[PDB]
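These numbers come from the heavy atoms of this one structure, side chains and all, not from hydrogens, waters or symmetry mates. Order of listing sets the numbers, starting from 1, for every ligand and every atom in it. FYI, the numbering just counts along the sequence from 1.
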Amino acid sequence: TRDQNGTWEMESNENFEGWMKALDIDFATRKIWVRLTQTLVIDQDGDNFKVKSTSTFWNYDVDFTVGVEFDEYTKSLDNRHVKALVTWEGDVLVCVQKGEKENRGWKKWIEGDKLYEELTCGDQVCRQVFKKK
Ligand SMILES: *C/C=C(\C)c1ccc(-c2ccc(N(C)C)cc2)s1
């Protein structure tokens, strides 16, 4: 099940703060962001993805083509330069962001009407579940 299209409403968020600490999010912003419910909007056609991660206090959008590396600035998250690559491992969509932090990226997959993802950085893993609106 590779079809990740949808507007995805958060149902569960685990260890979001540990992931943010690995990224060194400034502590005041981090303490606010840990409170916030996340929404993911995913538009997917062929290899082409347009993704928007939002809450009441952040906006983070990224467009990418599966299989095509891209230089990326992480902008509104942690303002770092990485070399990003998104690929399929079966029906798990896997992003690796090569740069300063180790083990950085995410894994995203579908279970029925739910979207599951892991956000990774350093030794930290944040686990999230969303439901298709
Ligand atoms: C396909 C999934 C992607 C591109 C993302 C999943 C989570 C993301 C994210 C979470 C939180 C923030 N901030 C600014 C707290 C930014 C991006 S992107």
Side-chain angles (χ1 to χ4, degrees):
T1 306
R2 286 184 174 161
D3 182 4
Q4 304 183 348
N5 278 284
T7 300
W8 296 99
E9 169 179 345
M10 172 166 272
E11 296 194 316
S12 184
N13 200 11
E14 175 184 8
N15 197 33
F16 193 55
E17 183 147 29
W19 176 76
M20 286 193 289
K21 280 178 171 172
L23 292 168
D24 323 307
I25 304 303
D26 283 7
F27 67 90
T29 302
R30 192 196 67 238
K31 286 174 191 224
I32 268 55
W33 277 356
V34 74
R35 301 170 187 168
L36 303 183
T37 305
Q38 312 184 22
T39 299
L40 275 175
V41 179
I42 297 176
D43 294 307
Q44 164 186 357
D45 184 73
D47 286 328
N48 297 326
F49 281 78
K50 301 182 197 325
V51 183
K52 305 182 182 324
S53 166
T54 58
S55 72
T56 206
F57 199 56
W58 76 70
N59 306 275
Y60 184 95
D61 300 358
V62 60
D63 304 331
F64 58 84
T65 298
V66 170
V68 176
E69 187 172 87
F70 57 110
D71 278 6
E72 179 179 36
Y73 194 53
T74 62
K75 290 168 177 176
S76 55
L77 180 57
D78 64 318
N79 305 265
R80 288 189 170 99
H81 295 268
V82 298
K83 292 166 83 161
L85 175 62
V86 185
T87 55
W88 288 113
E89 297 184 4
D91 59 4
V92 181
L93 195 67
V94 177
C95 171
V96 177
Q97 291 166 310
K98 294 203 331 293
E100 163 75 0
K101 302 297 177 182
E102 301 166 29
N103 311 314
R104 185 186 177 144
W106 44 255
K107 304 181 198 67
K108 182 189 292 163
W109 67 92
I110 295 276
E111 303 281 5
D113 289 322
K114 315 269 190 198
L115 188 75
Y116 279 64
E117 71 181 3
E118 305 170 18
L119 314 181
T120 61
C121 181
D123 69 350
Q124 296 296 309
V125 180
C126 161
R127 300 181 211 283
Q128 311 185 136
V129 183
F130 301 77
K131 69 181 162 199
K132 182 178 289 195
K133 274 184 187 303

For the pair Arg80 and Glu100, evaluate salt bridge (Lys or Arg N to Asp or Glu O under 4.0 Å) and give the outcome as yes or no after the intermediate values.
-> CA-CA 8 Å; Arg80 288 189 170 99; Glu100 163 75 0; over 6 Å; no
Heavy-atom distances under 4.0 Å are what count here, so tell me which part of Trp106 touches ligand 1: side chain, backbone, both or neither.
-> side chain
Under 4.0 Å between heavy atoms, the region of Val62 that gets near ligand 1 turns out to be side chain
Could you tell me which atoms of ligand 1, counted from 1 in the order shown, lie closer than 4.0 angstrom to a heavy atom of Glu117?
-> 2 (C), 6 (C), 7 (C)
In this structure, atom 9 (C) of ligand 1 is nearest to the protein heavy atom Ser53 OG, 3.5 Å
What is the closest protein heavy atom to atom 1 (C) of ligand 1, and at what distance does it sit?
-> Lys108 NZ, 1.4 Å
Report the residues that fulfil ring pair (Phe, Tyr, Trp, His ring centres under 6.0 Å) with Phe70, sequence neighbours left out, ordered by chain and then residue number.
-> none
Can a cation-pi geometry be assigned to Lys21 and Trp19, taking NZ or CZ under 6.0 Å from the six-membered ring centre and within 45° of the ring axis?
-> no
Could I get the full list of side chain to side chain contact (heavy atoms under 4.5 Å, CB included) partners for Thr65, not counting sequence neighbours?
-> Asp47, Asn48, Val68
Any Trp58 side-chain heavy atom under 4.5 Å of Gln38 side chain = yes
Of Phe57, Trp58, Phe64, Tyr60, which has the heavy atom at the shortest distance from atom 15 (C) of ligand 1?
-> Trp58
